[PDB]
Amino acid sequence: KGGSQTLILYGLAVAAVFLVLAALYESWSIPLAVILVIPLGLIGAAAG
Amino acid sequence: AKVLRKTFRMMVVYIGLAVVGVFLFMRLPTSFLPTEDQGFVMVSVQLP
Amino acid sequence: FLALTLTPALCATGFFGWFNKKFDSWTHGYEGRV
Amino acid sequence: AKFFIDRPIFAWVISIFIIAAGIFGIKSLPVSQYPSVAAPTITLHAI
């Protein structure tokens, strides 16, 4: 049943990635240019 | 270079890929671990 | 920690004047008393 | 430092990390004030 705890997983996931991205790259455009790429791998895994 | 000439249309096909991704994902069945081949099989016997 | 980390954001980010003058008077008087 | 002045966003990330860890802390911590102030004591009774 522990499968509907997922939006907190990806909630923490994209938040951690967005932050570290905004930390290294020192802006907010680049993290948005990357978290935009996360569904591209999702369609690949789902179609697989 | 080609996909950059047509930025808008490529952002459209992107959104299409994303939508298809989320739909293809949520159409998948859900389980814990896949029931896999252990060394044995368990048969139980119940008598009236 | 903010003093090293976030408080840098301080640097990154009429009748009121009546009080300023009155305050300026108070510190001048403070100077004299000290 | 001065480098934290020039790039507010790295400080914003460290901050957000901290306020998030704090809010999560608030969510998980026991509510009341009274802790185990007194020493542990164990009684035993019969009838």
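All of the numbers you see were taken from the coordinates with simple rules; none came from a lab. As a convention, Cβ positions derive from the backbone with ideal geometry for all residues, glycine included, and neighbour counts pool all protein chains shown.
Between the stretch A:1-47 and chain D, what is the separation of their alpha carbon centroids in Å?
Taking the Cα centre of each part, the stretch A:1-47 and chain D sit 27 Å apart.
Taking 2.2 N^0.38 Å as the expected size of a compact globular protein, what ratio does the Cα radius of gyration of chain D give against it, to two decimals?
It is 2.36.
As an exercise, find the ratio Rg/Rh for chain A from alpha-carbon atoms, using the Kirkwood inverse-distance average for Rh.
A ratio of 1.07.
Ordered by residue, what ³J(HN,Hα) values in Hz, to whole numbers, does the stretch A:25-32 give under the Karplus form 6.51 cos²θ - 1.76 cosθ + 1.60, where θ = phi - 60° and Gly and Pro are x?
Calculated HN-Hα couplings, in order: 6, 6, 8, 10, 7, 4, x, 6 Hz.
Using only Cα atoms, what is the ratio of the radius of gyration of chain B to 2.2 N^0.38 Å?
Dividing the Cα Rg of chain B by 2.2 N^0.38 Å gives 2.50.
Kirkwood hydrodynamic radius for the protein assembly as shown: how many Å is it when counted over pairs of different Cα atoms?
Hydrodynamic radius (Kirkwood, Cα only) of the protein assembly as shown equals 24.4 Å.
What does the charge dipole of the protein assembly as shown about its Cα centre add up to, to the nearest 20 debye, if the Cβ of each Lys and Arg holds +1 and the Cβ of each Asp and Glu holds -1?
So the dipole magnitude of the protein assembly as shown works out to roughly 680 debye.
Name the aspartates and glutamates eligible as straight-distance cross-link partners of D:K2: C-alpha to C-alpha under 16 Å, and not fewer than 8 places from it in the same chain.
Of all the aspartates and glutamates, those that pass the test against D:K2 - Cα under 16 Å, at least 8 places apart if same chain - are A:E26.
So, in nm, how far is label B:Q38 from label A:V34 when the simple model puts each one 7 Å beyond its Cα toward the Cβ?
4.3
Which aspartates and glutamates, on any chain, are close to C:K22 with Cα under 17 Å apart, when same-chain ones fewer than 8 places away are left out?
List returned: C:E31.
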